[PDB]
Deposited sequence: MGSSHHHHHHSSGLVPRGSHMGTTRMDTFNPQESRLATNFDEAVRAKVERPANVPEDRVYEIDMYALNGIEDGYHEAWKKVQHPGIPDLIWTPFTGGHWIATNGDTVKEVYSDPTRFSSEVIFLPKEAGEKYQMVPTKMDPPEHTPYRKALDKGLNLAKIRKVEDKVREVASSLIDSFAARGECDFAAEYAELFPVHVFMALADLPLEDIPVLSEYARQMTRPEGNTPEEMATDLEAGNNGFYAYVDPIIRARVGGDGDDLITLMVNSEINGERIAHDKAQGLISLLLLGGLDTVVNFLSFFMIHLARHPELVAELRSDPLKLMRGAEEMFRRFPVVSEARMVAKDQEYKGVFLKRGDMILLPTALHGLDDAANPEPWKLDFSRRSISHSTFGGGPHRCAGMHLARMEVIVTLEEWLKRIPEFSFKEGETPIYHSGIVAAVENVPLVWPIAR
């Protein structure tokens, strides 16, 4: 399914790139995006796949497209253009976006995340305890996939024995399953809604500092937030911290499994581990959402029309050597860490302080128990591209 070239796309900007099926994806997600970003590639290219859209191809363009809601709107953020779930406020621009973002920040700000450290550490040390003694696990299935849900429960103050039902709804909400995932999506979305509904009402007026009470008792323009807007926000809190983290955790663990020497460095320098979370985010970005050109305008040599879509592969910032010299090296002494792994502008990831915390703590709790490890011989991870980079089959071994 290719669309005809529109009149505002010159011939020399056309590249045949399927964001869901990248040339070479089986050698890795980052490798495959980077093979797109050949030397001399124009800042903005265009593809007939996935509805036809432009793609920002370097750090400079990704940053700029991410950070000007006047020129590039969150009205449509997914490709292909199709959208029934608002997921507010991820599709609002300022000023609409702003009070919803303020509710989100009440649960996710840096000072708040500090106090949640011990619970996150308790999750990580628990998960790892399950298999430390074995000398083997599939990191993807036995840690990565389990960790974010477990963190949500602690953060939303939810009974741990509801993990099976929430995991099911998350599976349906994040990776739905022709051409009716409509039904699959709705099972996830509606089920989660029914699940949280009474906790929302019992937590109004409440004094807990969990995410649900925090969201439900928030104000939007002088009034307390609509019941359902609060449902939307809480659901967003669940999703946002799921798919990004599941996959991001596996990507760096794969890397560390294949770099025992880098493992020794971290293991020996606690503070260097702790201070190099940024470097990890630069090196393993996972998201490529989109912005909608908000109004006709000239940009990067071309004429964009209101309604055009620009894909923002965050991998093309972190791995851009115009931004970070020697971008393939995971360098914990890297002085200047330029990336858009969390996006930019007003929608810049609300979970970034949590994310940094989860990744550091995972890594500390990992090396306390498993100082040395490698990837199981004769195995290879399986990758997918799309909105969020996917990896599985991360069997790891240790003495």
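- Residues of the deposited sequence with no modelled C-alpha atom fall in the ranges 1 to 45, 128 to 129, 225 to 227, 450 to 452.
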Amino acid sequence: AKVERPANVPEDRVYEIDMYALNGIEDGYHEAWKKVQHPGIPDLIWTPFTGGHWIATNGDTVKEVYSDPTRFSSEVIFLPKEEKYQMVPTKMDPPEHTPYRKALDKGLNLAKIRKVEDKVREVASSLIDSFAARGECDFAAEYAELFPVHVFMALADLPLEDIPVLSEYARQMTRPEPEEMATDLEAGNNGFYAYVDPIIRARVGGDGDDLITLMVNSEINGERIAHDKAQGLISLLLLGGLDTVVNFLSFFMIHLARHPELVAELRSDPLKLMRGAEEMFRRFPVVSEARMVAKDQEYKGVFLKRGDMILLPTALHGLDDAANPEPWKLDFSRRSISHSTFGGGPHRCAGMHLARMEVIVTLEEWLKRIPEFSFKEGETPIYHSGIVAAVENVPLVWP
From here on, numbers count along this sequence of modelled residues.
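- Remark: stretch with higher mean C-alpha B factor among 308 to 316 and 181 to 189 is 181 to 189.
- Averaged over Cα atoms, the B-factor as recorded in the entry is higher for 116 to 124 than for the other of 280 to 288 and 116 to 124.
- Looking at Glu326, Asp129, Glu168, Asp105, the one whose CA carries the top B-factor in the deposited record is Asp129.
- Of all the options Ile199, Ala294, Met253, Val246, the entry's greatest CA B-factor is assigned to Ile199.
- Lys35: CA B factor lies in the middle third for its chain, per the PDB record.
- Placement of the Cα temperature factor of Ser338 within the chain: lowest third of the modelled residues, per the deposited record.
- Among the modelled residues of its chain, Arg101 has a C-alpha B-factor that falls in the lowest third, as given in the PDB entry.
- For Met153, the recorded CA temperature factor ranks within the middle third of the chain's modelled residues.
- Placement of the Cα temperature factor of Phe373 within the chain: highest third of the modelled residues, per the deposited record.
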